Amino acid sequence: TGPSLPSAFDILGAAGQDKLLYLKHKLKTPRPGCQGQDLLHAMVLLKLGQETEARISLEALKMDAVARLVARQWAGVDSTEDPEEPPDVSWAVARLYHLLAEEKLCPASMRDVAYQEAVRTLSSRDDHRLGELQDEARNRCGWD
């Protein structure tokens, strides 16, 4: 078990094609307070089999390391640069799970677990964005 990139893809898989179409149509235009929407839009397209469009969306996201990892390992886009080491995905995953729980595609407890793991991850390396994340976690999870 556990909140993860592959599990988020499974949650999408399990939502039905109608719901994916709903997410594709909805996620495509931005909202305030919804970091991750763009990456989730691309994953939605990938789960619908729409790889050509998914790859165009991920290319617009290429400055983001997690979007790059998704392009390569789930969209099949080969890197054009020197090897980079895989990124920490925990924050991205928290953000994704937040959207998934808001769409009621998974329980809110799964979002909570994801924010925690992210918080643990950033702590373990004393990341200077830790406070930022903790603020976000508190706000999206409804509690400390």
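So that there is no doubt, residue numbering starts at 1 and follows the sequence shown.
- Look at the mean CA B-factor for 25 to 33 and for 63 to 71 in the entry; the higher one is 25 to 33.
- In this entry, 134 to 142 shows the higher mean Cα temperature factor of the pair 134 to 142 and 4 to 12.
- By the numbers in the PDB entry, the CA B factor is greatest at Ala54 among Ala92, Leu40, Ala54, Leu100.
- Among all modelled residues in this chain, the alpha-carbon of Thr121 has a temperature factor (C-alpha) in the highest third.
- Placement of the Cα temperature factor of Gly49 within the chain: lowest third of the modelled residues, per the deposited record.
- Per-chain ranking of the deposited C-alpha B factor places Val113 in the middle third.
- Compared with the other modelled residues of the chain, the Cα B-factor recorded for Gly76 ranks in the lowest third.
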